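Worksheet: the structure to be examined is printed underneath.
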Amino acid sequence: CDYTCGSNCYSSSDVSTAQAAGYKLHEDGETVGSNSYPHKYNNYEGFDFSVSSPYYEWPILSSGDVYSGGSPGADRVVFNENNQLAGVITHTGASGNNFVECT
Ligand SMILES: Nc1nc2c(ncn2[C@@H]2O[C@H](COP(=O)(O)O)[C@@H](OP(=O)(O)O)[C@H]2O)c(=O)[nH]1
């Protein structure tokens, strides 16, 4: 696993595929789903990402398919304005409604 979000195993290609879809919607000024993804990720957690902000979050699914406006699940891909990967985060293993980084 390139990224492990709890029990979910993601390859660098799974991440790139998810990021490409979120980035396209972001550039178009459109959102999908009840929680309006992609949307700004403020970094309340204070992760030390090595790429510049603003950051946007988009769901990454354990099933392998691109988020299509339904349930977002626990996992997210975080990218910036230049389509650079900031990180992969999850609610799994975090307290409250916070996120932890996938390893
Ligand atoms: N845990 C966490 N959730 C975030 C972060 N940024 C955005 N979110 C979630 O996305 C929601 C919508 O994002 P937005 O703020 O960019 O519009 C936020 O709602 P709240 O505004 O109630 O915090 C929050 O629940 C962040 O840095 N950490």
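Data overview
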| item | result |
| --- | --- |
| Length-normalised contact order of the chain in % [C-alpha pairs under 8 Å, at least 6 apart] | 28 |
| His39 long-range amide H proximity, modeled H, under 5 Å | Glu57 |
| Helix-derived mean residue ellipticity, 222 nm - over the chain, DSSP H n ≥ 4, -39500 (n - 2.57), to 500 | -5500 deg cm²/dmol |
| Sorted by Cβ density within 10 Å, fewest first, the residues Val66, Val15 | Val66, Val15 |
| Computed label-point distance, nm, for sites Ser50 and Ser11 using a 7 Å Cα→Cβ extension | 2.3 |
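FYI, it's all coordinate maths here, none of it is from the lab. As a convention, Cβ positions derive from the backbone with ideal geometry for all residues, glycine included, and neighbour counts pool all protein chains shown.
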